[PDB]
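In what follows, one protein chain appears twice in different forms, each by itself as structure tokens: structure 1 and structure 2.
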Structure 1
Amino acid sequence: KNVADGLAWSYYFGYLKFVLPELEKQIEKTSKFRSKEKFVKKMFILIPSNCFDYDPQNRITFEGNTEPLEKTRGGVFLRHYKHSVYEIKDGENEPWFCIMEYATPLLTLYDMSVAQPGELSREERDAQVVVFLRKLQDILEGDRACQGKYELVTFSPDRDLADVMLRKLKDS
């Protein structure tokens, strides 16, 4: 029922609340990318459809991670928040540098329903997913510090990851 709200409220208060309003800053701390033009300074939250290698042609490549985001809690607990920047080759053209995130709260809905159907039907989850994605927007859409600092991207086997991502970069 209204549990997809709890997952979306946890993806925000526990992650996107403080990594999004500092994304630009943190990216401007990583030397290897500061003077690297054609780097869309925005977090792309990637959403897969259906069920189970998104890189056949091998256009995408891990190029490192941004400077961690030291956040201490309660005056004792330290936690680092870094992001993985990838390089997407546009044929012979210049390559692109983006930040992609494989959404964990959503993936745990796929993983669960494949391992615990009784608790989460593959269909009962399909409703929980559509609510999560639409709830996640309405939360961020109401946060000025996180506004325009992200983008939701959906792909599939027929929707090649490298292709769809290159499409989103020309319009960002």
Structure 2
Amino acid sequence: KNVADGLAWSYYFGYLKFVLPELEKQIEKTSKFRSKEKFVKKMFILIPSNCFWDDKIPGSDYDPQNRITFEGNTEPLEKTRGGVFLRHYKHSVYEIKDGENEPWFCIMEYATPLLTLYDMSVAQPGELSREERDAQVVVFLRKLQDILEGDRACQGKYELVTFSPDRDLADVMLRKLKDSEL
């Protein structure tokens, strides 16, 4: 009985399945983003091991050197799931310093279902102990991997980023941006 399984399936069917194939095209609707070099177009999905975040990424405890900057949002995508309810999806673009070189642009987002694991561990410790939460993050990660890898339309459109609350996200992101295919 893994609570993480329902969380991963819902994250996929209720969100990623339709935003990931369209992300690059949505980005390309903005001239500045068409003009920009070093703009990796994958969604970097952030999975902190403690299931927690409480603020904007720039200047946060994960950005101690202040090398991450909010640039702007992508053009919203429209989607109807209920057949009745229209929703607008957009993503945040961040600038990441690369020393004296041209800075990178990238798309970063926390995996929002992890808040449910966090909320559960604090409000219902009897249902989910701290150690059980740690284990469910790994389960969530592996299941989300299986799901996304099984969808050809999502291939090359995302990257899962796992890290400890002590890591420097700017350092983590620079390495991943440099290793990306673009």
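Think of the rigid core as the biggest set of C-alphas that the two forms share within 1.5 Å after superposition. Residue numbering: structure 1 sequence, from 1.
Structure 2, not structure 1, is the form described as "open conformation" in its entry title. In this overlay on the rigid core, residue 73 has a C-alpha that sits 2 Å or more away from its partner position between the two structures. Taking 2 Å as the criterion, residue 33 does not count as shifted between the two structures: its C-alpha moves by less than this amount when the rigid core is aligned. Annotation for residue 145: C-alpha shift under 2 angstroms between the two structures, rigid core superposed.
Structural comparison between the two structures after rigid-core fitting shows the C-alpha of residue 101 displaced 0.6 Å. Taking the core as reference, the C-alpha deviation of residue 157 between the two structures is 4.3 Å. Here the two forms are laid over each other by their core, and the C-alpha of residue 124 is off by 1.2 Å between the two structures.
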